[PDB]
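Colleague: Have a look at the structure that comes next, please.
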Amino acid sequence: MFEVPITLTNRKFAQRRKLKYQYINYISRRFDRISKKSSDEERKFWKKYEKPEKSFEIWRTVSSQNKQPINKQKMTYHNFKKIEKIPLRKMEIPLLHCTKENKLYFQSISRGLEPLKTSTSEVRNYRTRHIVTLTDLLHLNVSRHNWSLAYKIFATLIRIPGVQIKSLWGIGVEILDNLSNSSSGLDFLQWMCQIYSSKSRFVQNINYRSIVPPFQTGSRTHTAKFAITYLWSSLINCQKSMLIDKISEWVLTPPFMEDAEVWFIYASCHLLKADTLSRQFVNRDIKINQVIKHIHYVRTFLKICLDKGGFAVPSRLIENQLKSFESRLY
Amino acid sequence: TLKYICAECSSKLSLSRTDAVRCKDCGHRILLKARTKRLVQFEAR
Amino acid sequence: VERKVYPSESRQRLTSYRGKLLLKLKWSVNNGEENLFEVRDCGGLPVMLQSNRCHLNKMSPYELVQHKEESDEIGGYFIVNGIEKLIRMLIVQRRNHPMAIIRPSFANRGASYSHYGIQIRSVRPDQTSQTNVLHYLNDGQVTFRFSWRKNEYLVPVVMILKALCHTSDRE
Amino acid sequence: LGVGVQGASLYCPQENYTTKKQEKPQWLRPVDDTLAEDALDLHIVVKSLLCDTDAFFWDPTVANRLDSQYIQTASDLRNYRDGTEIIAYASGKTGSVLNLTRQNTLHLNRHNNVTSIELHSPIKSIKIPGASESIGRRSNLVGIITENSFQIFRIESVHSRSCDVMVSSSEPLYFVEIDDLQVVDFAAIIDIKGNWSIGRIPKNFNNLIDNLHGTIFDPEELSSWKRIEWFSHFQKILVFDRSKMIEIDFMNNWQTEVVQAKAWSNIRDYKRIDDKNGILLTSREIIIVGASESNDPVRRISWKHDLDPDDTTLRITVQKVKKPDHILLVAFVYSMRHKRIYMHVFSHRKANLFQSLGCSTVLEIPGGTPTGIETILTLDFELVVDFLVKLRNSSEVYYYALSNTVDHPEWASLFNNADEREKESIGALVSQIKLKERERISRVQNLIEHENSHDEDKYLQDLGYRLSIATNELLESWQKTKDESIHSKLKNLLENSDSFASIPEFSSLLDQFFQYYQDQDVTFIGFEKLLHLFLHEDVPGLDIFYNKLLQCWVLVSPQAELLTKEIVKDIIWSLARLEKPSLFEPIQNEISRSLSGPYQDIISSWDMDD
Amino acid sequence: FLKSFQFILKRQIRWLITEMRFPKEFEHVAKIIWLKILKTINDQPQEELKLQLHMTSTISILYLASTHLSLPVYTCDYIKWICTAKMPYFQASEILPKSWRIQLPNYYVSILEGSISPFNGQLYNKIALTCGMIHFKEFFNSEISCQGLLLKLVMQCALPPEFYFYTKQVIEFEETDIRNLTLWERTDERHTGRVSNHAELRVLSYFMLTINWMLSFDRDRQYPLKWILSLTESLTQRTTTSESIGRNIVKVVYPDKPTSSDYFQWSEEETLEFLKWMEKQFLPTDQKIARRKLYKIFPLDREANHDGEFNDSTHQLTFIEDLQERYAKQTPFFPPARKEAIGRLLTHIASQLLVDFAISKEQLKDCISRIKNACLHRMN
């Protein structure tokens, strides 16, 4: 049922996608010559599209200029079976060189009829058969909130060779929600953000196998999700310990000059010092101006947060809290 | 046994051939040679 | 992994204690119809010890011993190929104050140059300096000397005075 | 209004400690993570019936075969009545016969009459549109989708004195263009494979497409799964494939691509939640509860959850739970390949404060896989929730409630011939063994009559004598045939090893027979170091080996003893390989084969190295 | 390859010499099977020989030497012993040779390291292909100890042991040379024997009819219908033994057959022995500074207070004792509902018989029609 952390490949799957994306290149060109009257073959395919690398799907604002008038002239069955025919002609001679069930696949997937056989079931490798077994038992106990057992499956799964980042950082809920002899998950997210720090550029041309951007890699122009979970969960962890200087010293060191969420965290670290110190413990020439420093760090990091891309803050509501820190100070 | 010392974590170590100059435990690239039992003589002056 | 380097390692290695220089560009085309921003690595520039950009900055004498330095490590110098070097302090003229000075070398700049002149050393708020000298001539003429890319230039001062703001000749 | 958004997207994913905090310094858990806090929520099925009636691929165009929702008919407007509950499902032979009230659990009513309206085409989708609370009333018309035409049914004056629902129908429009339509929704508004159009519903059943139409046709999407829904009452529509969501408002000419789902995921299912703001989308790899925005009713992409299972056939159904303080949205995804559900709990407050609580999973019936699951609206902290499933490869529909607090006929179609002359001719053998067993329970019973007799001590003195000289007869052939250069049976005597009546004696007697052969050409394999393979423990003896079966077969046998005796009397005679020669005989057969192979297989044959 | 394909067999046997206490007579006989089987490859042309050896072949010659000694081991145990990874079958290329691995070609070692388990009668074919190379007749006894196999199959599903005595009589009705069951070599065809002439596979049909010949024609009404419910639901009972949990592993390895997803229904204690079995998977199955530090944060045992030293009196009941529950559960001793619960029990026991012998559903559906339609041939 659940997803597996295997870099699994078979020749019948390497072919049946290649048998598919060889075909799609021809029918895409054919659609534009009839729109003209009116060679890896998959590396060539994804040069029509931008791989999102931040989200799964390239979502896009709508109330903007990205709009279109609805095209009037529509399809029919007479035009569709003549626009597919010449790509279906050239395809039939490599269809006899491929295996017959890959050939049964492309005959079936072209009339509708998606595959019902999921690729991680017939792999029978005996090591993947335990990696499919453990991850459906990994999630099942996390589903059932059984944590001493789901710890034991997770400690055994990371030791079997060939397992990925997918299982690794995502359920780091198990260390924090174990609380017995726990690292509280924060030393493990520190482990993730040390050995998977990679400021390299996302090359956006190769087909991607066993990695996906939005939850397990950390390229340039995309902060890794374990990196920002390490920043949220160590701010919240430091609040509950009442060391904020030590997180504010770290967030200083990485100036992620491509996103606004790290700057909101860096603005919110100073708001927590400006909250804590604004009690004054009296009813002092140095107690005053240090809070003004933190108030001025919040107003200037929230400004550079808001100048960046999309991270909408309640920028009015936070100004009501900064003024309230000063009224307690006067 | 000919040995070395990791210069960062003080872990003893030895390297032979097709062996990178690194600490096995940490990855420190600087190794300092240890002294073994070998006679040197001095006048007490 | 990215490990944290200390200057004790850089003396051992006989290398330079170098932080990394970053620099982001603005590739604007057609006055900002299309802007390209690229943070570009510009080599490693060496860093003064116990500065902001050293790892020994906010650090106890106890912790300085544990990181293989002296307990009262002083800092203030650069490790460049394992040799400790520092930038020597120089005496220069006080900024932003015009100095009435006589120099016989002013007469050496040409005939009809008196040896009198006013000299100001103006610094910009990024500490870049600019010396403007105001020569007196034996005709009653005053010339405004400056230096730009290792070339002296001379201009009449009433040209600058008439170019700085709108003037009459009474003003 | 919490803080951690993208504007374009908005995440609360799978146990990765969601990406916001307001820092509300109010001593009242001074944090407002999208993750909420409560206790657990375990679910318990209430299994009950409601009603009844090549394989490596699956058809996307077939959608459902049933429906269940409260309908308020035309005569309930003028009179006082408000809302009647119906269930309409396909039936017949090829899925072609489409056909009520709630006591405490939803059950078929008193007069329980199927209103079998007849068609001549396979049923491939059965759904209502739902209702509106801005319209104030409920819709009394339902539309279905078949291979040959498109049909509309109109439910008029459901009856209470006879429990019979008379139904009316519209004109089934056949195909002018020969392309199989996919999805209907109303809020004949339909989606064909590649293009859509708006259909007009009439008021007069006593006797089509408007002048505006659009298309989303992609030359490189290959599947035959589309979907349409009206969005947020503006007469905006939302059209789907497995690769993008297009937002189209036919009020103007305005078409926007919102979702582009080609790269790492795919659109799987899309339920429009009865909340006219919030609507839930199931992608592959993530669950999205993207709502509507008050400024422009376009898409408020709300707090979405990274679901773990990867599959090609996932659906979703959602049920709202309306509490006076907040609104829940439990989301149930289900697959056609296995037998599981997967849930997640959302909450909503007044300030678009969508949150998330956790996930759980439960199972289903072992026969089949689920194919259609629908929640009963229930007319509208101990969460209760109830719904119906339907499993594939079975035509039964059961009813389930969830509260907070394997026989195959293929093995039957392999036996049981209809041959009455061959019936007892087979059946004689089961009566033949009625004779042969009763002799064996009685003949060793005659050995039960005797107990360690000297008359049977003689019988076992006679036993080994024809084991000694028979060995002395079976030894003296192998010495002369020993130069073979290219084991035995121990069932040679067919006079005895049938009526010997002591296990500890014959165990000693064979040990008495073991000690006799100190000579060569005769070795053995010991039983007691090998007899443990049936009990799977440490069994060091033959006498305690009986003692394990002695306590074991007490209840399940009449008198329970000599049957247990005879099998223990069988197994030592079942391993009747006690005719090994000495060590010399296989060792001299080792040396002969390596001579026969070449000098290339000399170095290939070396045991015992390290 | 041949010297290394020998080398795994020595560790498989020195295991079976030591741990499973198959005595020291075994290597002295199994060498003869190993010394002969190389000579059939000898009389091939050494130029382009194309020898056929696989990890299915080192278990087959481990089974021919077992069915010589008249042993109560069967291929059920040889397919159980490798799924539990006791004898070095899977990934035996890794730690055993230590120098022949580095210079062997990749397709010459992907055959050598066992990845996928023998499935759909891959083990039985390799027995017959070996017996066609070197003849098992006139030097070894092709004699199945069928009395042990039925006693094994009696002890599987806790039945009244009269069906042991019935099935012995039933094979006597339909068998050539009544005892001495035929191990079947093949050399004429590369095709499989569609009669399914594997003797142990034959007994698998003789047990699937002897329980149905008796109960369908309920003449004496000795075994009542209310007892069948106490029998059929007795087998559908998750228990934790030293053999059921090893049988849980075999359902993991084969995904084609149903109830390969029974692990959804394991208990708390049923996963714990599975995870303690996983510690017997890790030992068979510069950038290490990273993984060492991750194993520092996830210790493989419990992080504190493990169950090794001060644990209990007993947790793990054995195979003698679950039957004592089973042979006390089925206490009642003294028709459309019967004809429905006659295929319910027969399918259930068949599913255990599919999974424990590494054959498909279509293999057994072949075998029934080739045993049933030879027994009617005796009457008429």
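To be explicit about the labels: the chains of the structure tokens are called A, B, and onward in the order shown, and within each one the residues are counted from 1, while ligands get numbers from 1 in the order they are shown.
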Excluding same-chain residues fewer than 4 positions from residue 275 of chain A, what lies within 10 Å of it counting only C-alpha atoms, as a list in words?
Modeller: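 Counting only the stated atoms, we get residues 269, 270, 271, 279, 291, 294, 295, 321, 322, 324, 325 and 326 of chain A; 23 and 25 of chain D.
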Colleague: Could you write out the selected residues, including N, CA, C and O atoms, as a PDB file, in the first residue's frame?
Modeller:
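Listed below is the output, again.pdb:
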```pdb
ATOM      1  N   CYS A 269      12.757  34.735  15.758  1.00  0.00           N
ATOM      2  CA  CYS A 269      13.673  34.471  16.857  1.00  0.00           C
ATOM      3  C   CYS A 269      13.905  35.730  17.675  1.00  0.00           C
ATOM      4  O   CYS A 269      13.962  35.673  18.906  1.00  0.00           O
ATOM      5  N   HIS A 270      14.033  36.875  17.010  1.00  0.00           N
ATOM      6  CA  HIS A 270      14.246  38.115  17.738  1.00  0.00           C
ATOM      7  C   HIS A 270      12.984  38.598  18.414  1.00  0.00           C
ATOM      8  O   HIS A 270      13.063  39.293  19.429  1.00  0.00           O
ATOM      9  N   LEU A 271      11.819  38.240  17.879  1.00  0.00           N
ATOM     10  CA  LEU A 271      10.570  38.592  18.541  1.00  0.00           C
ATOM     11  C   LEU A 271      10.416  37.828  19.839  1.00  0.00           C
ATOM     12  O   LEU A 271       9.743  38.301  20.756  1.00  0.00           O
ATOM     13  N   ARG A 279       9.600  42.187  30.292  1.00  0.00           N
ATOM     14  CA  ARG A 279       8.930  42.017  31.575  1.00  0.00           C
ATOM     15  C   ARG A 279       9.523  42.923  32.644  1.00  0.00           C
ATOM     16  O   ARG A 279       8.817  43.304  33.587  1.00  0.00           O
ATOM     17  N   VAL A 291      16.458  45.612  24.104  1.00  0.00           N
ATOM     18  CA  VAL A 291      15.150  45.247  23.577  1.00  0.00           C
ATOM     19  C   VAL A 291      14.854  46.033  22.307  1.00  0.00           C
ATOM     20  O   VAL A 291      14.288  45.493  21.351  1.00  0.00           O
ATOM     21  N   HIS A 294      16.394  44.274  19.433  1.00  0.00           N
ATOM     22  CA  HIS A 294      15.608  43.143  18.956  1.00  0.00           C
ATOM     23  C   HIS A 294      14.332  43.589  18.262  1.00  0.00           C
ATOM     24  O   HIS A 294      13.901  42.946  17.303  1.00  0.00           O
ATOM     25  N   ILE A 295      13.712  44.678  18.728  1.00  0.00           N
ATOM     26  CA  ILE A 295      12.554  45.233  18.027  1.00  0.00           C
ATOM     27  C   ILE A 295      12.959  45.720  16.642  1.00  0.00           C
ATOM     28  O   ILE A 295      12.249  45.495  15.653  1.00  0.00           O
ATOM     29  N   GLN A 321       2.015  43.605  18.166  1.00  0.00           N
ATOM     30  CA  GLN A 321       2.767  42.946  19.221  1.00  0.00           C
ATOM     31  C   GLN A 321       4.113  43.592  19.491  1.00  0.00           C
ATOM     32  O   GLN A 321       4.619  43.486  20.611  1.00  0.00           O
ATOM     33  N   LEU A 322       4.705  44.252  18.498  1.00  0.00           N
ATOM     34  CA  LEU A 322       5.965  44.939  18.739  1.00  0.00           C
ATOM     35  C   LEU A 322       5.750  46.215  19.532  1.00  0.00           C
ATOM     36  O   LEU A 322       6.548  46.535  20.420  1.00  0.00           O
ATOM     37  N   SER A 324       3.305  46.648  21.618  1.00  0.00           N
ATOM     38  CA  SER A 324       3.000  46.158  22.954  1.00  0.00           C
ATOM     39  C   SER A 324       4.242  45.779  23.744  1.00  0.00           C
ATOM     40  O   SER A 324       4.193  45.757  24.975  1.00  0.00           O
ATOM     41  N   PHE A 325       5.346  45.466  23.074  1.00  0.00           N
ATOM     42  CA  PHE A 325       6.585  45.224  23.800  1.00  0.00           C
ATOM     43  C   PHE A 325       7.172  46.525  24.316  1.00  0.00           C
ATOM     44  O   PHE A 325       7.799  46.548  25.380  1.00  0.00           O
ATOM     45  N   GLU A 326       6.964  47.612  23.584  1.00  0.00           N
ATOM     46  CA  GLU A 326       7.498  48.913  23.948  1.00  0.00           C
ATOM     47  C   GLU A 326       6.629  49.640  24.958  1.00  0.00           C
ATOM     48  O   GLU A 326       7.155  50.415  25.758  1.00  0.00           O
TER      49      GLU A 326
ATOM     50  N   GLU D  23       3.538  32.958  17.237  1.00  0.00           N
ATOM     51  CA  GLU D  23       4.022  33.446  18.528  1.00  0.00           C
ATOM     52  C   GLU D  23       3.021  34.447  19.109  1.00  0.00           C
ATOM     53  O   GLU D  23       3.170  35.664  19.032  1.00  0.00           O
ATOM     54  N   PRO D  25       1.808  35.547  22.356  1.00  0.00           N
ATOM     55  CA  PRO D  25       2.284  35.471  23.750  1.00  0.00           C
ATOM     56  C   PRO D  25       1.149  35.602  24.760  1.00  0.00           C
ATOM     57  O   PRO D  25       1.009  36.587  25.493  1.00  0.00           O
TER      58      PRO D  25
END
```
Colleague: Show me which bits of chain E are within 9 Å of chain A, counting only C-alpha atoms, as a PyMOL selection string.
Modeller: chain E and resi 83+90+115-117+252-256+261+263-264+268+271-272+275+278-279+281-282+285+290+293-295+297-304
Colleague: Pull N, CA and C atoms from the residues just selected and write them as an mmCIF file, in the first residue's frame.
Modeller:
```cif
data_model
loop_
_atom_site.group_PDB
_atom_site.id
_atom_site.type_symbol
_atom_site.label_atom_id
_atom_site.label_comp_id
_atom_site.auth_asym_id
_atom_site.auth_seq_id
_atom_site.Cartn_x
_atom_site.Cartn_y
_atom_site.Cartn_z
ATOM 1 N N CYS E 83 14.167 -19.004 3.316
ATOM 2 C CA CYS E 83 13.408 -17.787 3.564
ATOM 3 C C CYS E 83 13.716 -17.230 4.942
ATOM 4 N N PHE E 90 20.626 -16.923 0.199
ATOM 5 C CA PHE E 90 20.537 -15.576 -0.343
ATOM 6 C C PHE E 90 21.776 -14.793 0.053
ATOM 7 N N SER E 115 19.066 -13.922 -5.585
ATOM 8 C CA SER E 115 18.172 -12.793 -5.382
ATOM 9 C C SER E 115 16.745 -13.269 -5.160
ATOM 10 N N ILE E 116 16.150 -13.907 -6.161
ATOM 11 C CA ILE E 116 14.746 -14.285 -6.113
ATOM 12 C C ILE E 116 14.648 -15.743 -5.693
ATOM 13 N N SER E 117 13.597 -16.059 -4.967
ATOM 14 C CA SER E 117 13.474 -17.414 -4.464
ATOM 15 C C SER E 117 12.979 -18.336 -5.576
ATOM 16 N N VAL E 252 5.940 -13.521 2.957
ATOM 17 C CA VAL E 252 6.593 -12.275 2.564
ATOM 18 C C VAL E 252 7.260 -12.415 1.200
ATOM 19 N N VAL E 253 7.963 -13.527 0.979
ATOM 20 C CA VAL E 253 8.864 -13.665 -0.160
ATOM 21 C C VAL E 253 8.092 -13.880 -1.455
ATOM 22 N N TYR E 254 6.919 -14.498 -1.388
ATOM 23 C CA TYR E 254 6.154 -14.758 -2.596
ATOM 24 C C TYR E 254 5.006 -13.772 -2.697
ATOM 25 N N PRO E 255 5.021 -12.846 -3.658
ATOM 26 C CA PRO E 255 3.937 -11.869 -3.774
ATOM 27 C C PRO E 255 2.804 -12.263 -4.709
ATOM 28 N N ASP E 256 3.012 -13.263 -5.566
ATOM 29 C CA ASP E 256 2.018 -13.654 -6.560
ATOM 30 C C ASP E 256 0.810 -14.302 -5.896
ATOM 31 N N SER E 261 -0.070 -10.612 2.067
ATOM 32 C CA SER E 261 -0.294 -9.368 2.783
ATOM 33 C C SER E 261 -0.963 -9.648 4.118
ATOM 34 N N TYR E 263 0.635 -9.703 6.861
ATOM 35 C CA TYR E 263 1.349 -8.928 7.865
ATOM 36 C C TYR E 263 0.571 -7.716 8.350
ATOM 37 N N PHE E 264 -0.481 -7.309 7.634
ATOM 38 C CA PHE E 264 -1.403 -6.308 8.155
ATOM 39 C C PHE E 264 -2.115 -6.789 9.409
ATOM 40 N N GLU E 268 0.869 -7.498 18.163
ATOM 41 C CA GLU E 268 2.039 -6.831 18.728
ATOM 42 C C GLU E 268 3.185 -7.812 18.922
ATOM 43 N N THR E 271 4.921 -9.271 15.538
ATOM 44 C CA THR E 271 5.939 -8.480 14.860
ATOM 45 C C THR E 271 7.266 -8.515 15.613
ATOM 46 N N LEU E 272 7.220 -8.633 16.943
ATOM 47 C CA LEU E 272 8.436 -8.609 17.754
ATOM 48 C C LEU E 272 9.354 -9.789 17.463
ATOM 49 N N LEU E 275 10.749 -9.057 14.123
ATOM 50 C CA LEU E 275 11.857 -8.118 14.195
ATOM 51 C C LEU E 275 13.078 -8.732 14.855
ATOM 52 N N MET E 278 14.630 -10.297 12.162
ATOM 53 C CA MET E 278 15.331 -9.336 11.311
ATOM 54 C C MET E 278 16.764 -9.111 11.764
ATOM 55 N N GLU E 279 17.045 -9.299 13.051
ATOM 56 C CA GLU E 279 18.426 -9.264 13.508
ATOM 57 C C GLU E 279 19.210 -10.487 13.044
ATOM 58 N N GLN E 281 18.602 -11.278 9.898
ATOM 59 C CA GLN E 281 18.803 -10.908 8.503
ATOM 60 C C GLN E 281 20.008 -10.000 8.302
ATOM 61 N N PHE E 282 20.340 -9.151 9.284
ATOM 62 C CA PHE E 282 21.384 -8.150 9.072
ATOM 63 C C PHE E 282 22.756 -8.778 8.930
ATOM 64 N N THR E 285 22.548 -10.260 5.557
ATOM 65 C CA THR E 285 22.347 -9.198 4.577
ATOM 66 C C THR E 285 22.757 -7.836 5.135
ATOM 67 N N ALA E 290 29.396 9.006 8.270
ATOM 68 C CA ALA E 290 28.021 9.479 8.308
ATOM 69 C C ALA E 290 27.076 8.414 8.833
ATOM 70 N N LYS E 293 27.269 7.608 12.518
ATOM 71 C CA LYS E 293 26.666 8.630 13.353
ATOM 72 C C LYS E 293 25.151 8.533 13.339
ATOM 73 N N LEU E 294 24.581 7.984 12.270
ATOM 74 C CA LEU E 294 23.157 7.691 12.253
ATOM 75 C C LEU E 294 22.825 6.439 13.050
ATOM 76 N N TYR E 295 23.715 5.460 13.079
ATOM 77 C CA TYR E 295 23.481 4.314 13.943
ATOM 78 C C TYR E 295 23.718 4.661 15.401
ATOM 79 N N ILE E 297 22.463 7.432 16.617
ATOM 80 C CA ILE E 297 21.211 8.028 17.065
ATOM 81 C C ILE E 297 20.056 7.030 17.000
ATOM 82 N N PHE E 298 20.148 6.001 16.158
ATOM 83 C CA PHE E 298 19.208 4.883 16.192
ATOM 84 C C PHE E 298 19.979 3.638 16.596
ATOM 85 N N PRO E 299 20.112 3.343 17.885
ATOM 86 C CA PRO E 299 20.664 2.045 18.272
ATOM 87 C C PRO E 299 19.711 0.926 17.893
ATOM 88 N N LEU E 300 20.289 -0.180 17.417
ATOM 89 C CA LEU E 300 19.502 -1.242 16.797
ATOM 90 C C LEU E 300 18.653 -1.979 17.814
ATOM 91 N N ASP E 301 19.145 -2.123 19.032
ATOM 92 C CA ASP E 301 18.348 -2.701 20.100
ATOM 93 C C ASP E 301 17.356 -1.658 20.607
ATOM 94 N N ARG E 302 16.675 -1.960 21.703
ATOM 95 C CA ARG E 302 15.965 -0.900 22.392
ATOM 96 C C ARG E 302 16.995 0.056 22.980
ATOM 97 N N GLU E 303 16.628 1.337 23.021
ATOM 98 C CA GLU E 303 17.549 2.379 23.459
ATOM 99 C C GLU E 303 17.955 2.214 24.921
ATOM 100 N N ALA E 304 17.088 1.618 25.737
ATOM 101 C CA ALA E 304 17.423 1.172 27.081
ATOM 102 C C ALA E 304 16.415 0.110 27.484
#
```
Colleague: Determine the nearest neighbour of residue 83 of chain C from the options C:24, C:13, C:162, C:170, counting only C-alpha atoms.
Modeller: C:13
Colleague: List as a ChimeraX atom specification the protein and nucleic acid residues near segment 16-18 of chain B, meaning an atom at most 10 Å away when only C-alpha atoms are counted, but skip any in the same chain fewer than 3 places from it.
Modeller: /B:2-3,21
Colleague: Define the interface residues of chain E facing chain B as those within 9 Å, counting only C-alpha atoms, and report them as an mmCIF file with N, CA, C and O atoms, in the first residue's frame.
Modeller:
```cif
data_model
loop_
_atom_site.group_PDB
_atom_site.id
_atom_site.type_symbol
_atom_site.label_atom_id
_atom_site.label_comp_id
_atom_site.auth_asym_id
_atom_site.auth_seq_id
_atom_site.Cartn_x
_atom_site.Cartn_y
_atom_site.Cartn_z
ATOM 1 N N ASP E 286 35.592 7.557 5.354
ATOM 2 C CA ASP E 286 35.149 7.817 3.994
ATOM 3 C C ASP E 286 33.738 7.314 3.774
ATOM 4 O O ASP E 286 33.562 6.155 3.389
ATOM 5 N N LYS E 288 31.532 6.301 5.652
ATOM 6 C CA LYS E 288 31.065 5.479 6.750
ATOM 7 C C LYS E 288 30.984 6.266 8.035
ATOM 8 O O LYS E 288 30.349 5.808 8.983
ATOM 9 N N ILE E 289 31.623 7.439 8.086
ATOM 10 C CA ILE E 289 31.513 8.302 9.252
ATOM 11 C C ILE E 289 30.115 8.879 9.383
ATOM 12 O O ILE E 289 29.681 9.200 10.491
#
```
Colleague: Using only C-alpha atoms, find each residue in chain B having at least one atom no more than 12 Å away from chain C; report its shortest atom-to-atom pair and that distance in Å (one decimal), rows by chain then rising number, as a Markdown table.
Modeller:
```
| residue | atom | partner | partner_atom | distance |
| --- | --- | --- | --- | --- |
| B:7 | CA | C:9 | CA | 9.0 |
| B:8 | CA | C:9 | CA | 8.8 |
| B:9 | CA | C:67 | CA | 11.4 |
| B:26 | CA | C:3 | CA | 10.6 |
| B:27 | CA | C:3 | CA | 9.6 |
| B:28 | CA | C:9 | CA | 9.6 |
| B:29 | CA | C:13 | CA | 8.8 |
| B:30 | CA | C:13 | CA | 7.2 |
| B:31 | CA | C:12 | CA | 9.9 |
| B:32 | CA | C:12 | CA | 10.0 |
```
Colleague: How would the residues just chosen look if you wrote them out with C-alpha atoms as an mmCIF file, in the first residue's frame?
Modeller:
```
data_model
loop_
_atom_site.group_PDB
_atom_site.id
_atom_site.type_symbol
_atom_site.label_atom_id
_atom_site.label_comp_id
_atom_site.auth_asym_id
_atom_site.auth_seq_id
_atom_site.Cartn_x
_atom_site.Cartn_y
_atom_site.Cartn_z
ATOM 1 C CA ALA B 7 45.377 15.397 14.923
ATOM 2 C CA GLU B 8 41.744 16.232 15.717
ATOM 3 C CA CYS B 9 40.456 13.385 17.895
ATOM 4 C CA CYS B 26 36.519 11.560 11.991
ATOM 5 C CA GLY B 27 37.749 12.612 8.590
ATOM 6 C CA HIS B 28 40.691 14.762 9.539
ATOM 7 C CA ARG B 29 43.345 15.174 6.856
ATOM 8 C CA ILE B 30 46.201 15.990 9.254
ATOM 9 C CA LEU B 31 48.013 13.064 10.961
ATOM 10 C CA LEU B 32 50.984 13.348 13.352
#
```
Colleague: Any idea what's packed within 10 Å of residue 74 of chain D, counting only C-alpha atoms, ignoring anything in its chain fewer than 5 positions away? Could you give it as a PDB file with C-alpha atoms, in the first residue's frame?
Modeller:
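Output (part.pdb):
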```
ATOM      1  CA  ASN D  79     -46.809  20.865   1.572  1.00  0.00           C
ATOM      2  CA  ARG D 138     -32.877  20.249  -2.512  1.00  0.00           C
ATOM      3  CA  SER D 139     -32.688  18.986  -6.076  1.00  0.00           C
ATOM      4  CA  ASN D 140     -35.119  16.313  -7.240  1.00  0.00           C
ATOM      5  CA  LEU D 141     -33.377  15.196 -10.442  1.00  0.00           C
ATOM      6  CA  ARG D 154     -36.548  13.227 -12.367  1.00  0.00           C
ATOM      7  CA  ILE D 155     -37.942  12.090  -9.031  1.00  0.00           C
ATOM      8  CA  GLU D 156     -41.515  13.321  -8.616  1.00  0.00           C
ATOM      9  CA  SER D 157     -43.593  12.983  -5.416  1.00  0.00           C
ATOM     10  CA  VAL D 158     -42.056  10.152  -3.424  1.00  0.00           C
TER      11      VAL D 158
END
```
Colleague: What does the structure give for the distance between atom CA of residue 232 of chain D and atom CA of residue 321 of chain D, in Å to one decimal?
Modeller: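 Separation of atom CA of residue 232 of chain D and atom CA of residue 321 of chain D: 20.2 Å.
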Colleague: Please report, as a tab-separated table, each residue of chain C lying at most 9 Å from chain A, together with the nearest pair of atoms and the separation in Å rounded to one decimal; use only C-alpha atoms, and order rows by chain and ascending residue number.
Modeller:
```
residue	atom	partner	partner_atom	distance
C:1	CA	A:195	CA	4.8
C:2	CA	A:194	CA	6.9
C:3	CA	A:194	CA	8.6
C:39	CA	A:257	CA	8.4
```
Colleague: DSSP says strand (DSSP E or B) for which residues of segment 3-45 of chain B? Put them as a PyMOL selection string?
Modeller: chain B and resi 4-6+12-13+31-33
Colleague: Could you pull the residues within 7 Å of segment 44-56 of chain C, counting only C-alpha atoms, minus those fewer than 6 positions along the same chain, as a list in words?
Modeller: residues 6, 16, 17, 18, 19, 20, 21, 75, 76, 77 and 78 of chain C
Colleague: Write out as a list in words which residues come within 9 Å of segment 159-165 of chain E when counting only C-alpha atoms, dropping same-chain ones fewer than 5 positions away.
Modeller: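 Once the nearby chain positions are removed, what remains is residues 437, 553, 556, 557, 563, 564 and 567 of chain D; 147, 150, 151, 153, 154, 170, 207, 210, 211, 214, 231 and 327 of chain E.
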